């Protein structure tokens, strides 16, 4: 909840770069709060960001860096899913139990349930990760689940 210089310094650079991408003036748009903290390694949910200040659309409220700390910190205390949390969930959509699931289902799960992902947000991640649909039309969710948790730059 309470940061060290190391942490506080990184937030600054990130906050900096974002402040620039919407007019350099020491303020960041309330709508990019989520996207700012994501760049710091946290994985907030839209309800989390809305609970600390975030807004629905651009141009409604701007926040100085001095109003971020409170926000950022609060956002570090939410729940981050774990490998198990995810696997079990996908397991519920898997009949047979041999770790499979229809591509359509996958896409269904991603944009239909929970705080939906946009269709463009989805086909973007499938490319980056390279989710290869097997002959029949299904996939191995185990992989997709690791890759997403593994990150873009994979160690």
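Residue numbers count along the first chain shown, from 1.
As recorded in the PDB entry, 132 to 140 is the stretch of 132 to 140 and 9 to 17 with the greater mean C-alpha temperature factor. In the PDB entry, a CA B factor belonging to the lowest third of its chain's modelled residues is recorded for residue 85. In this PDB entry, residue 41 carries a Cα temperature factor that places it within the middle third of its chain's modelled residues. In the PDB entry, a CA B factor belonging to the highest third of its chain's modelled residues is recorded for residue 58.
In this PDB entry, residue 30 carries a Cα temperature factor that places it within the lowest third of its chain's modelled residues. In this PDB entry, the Cα temperature factor of residue 49 sits in the top third of its chain's modelled residues, the highest group.
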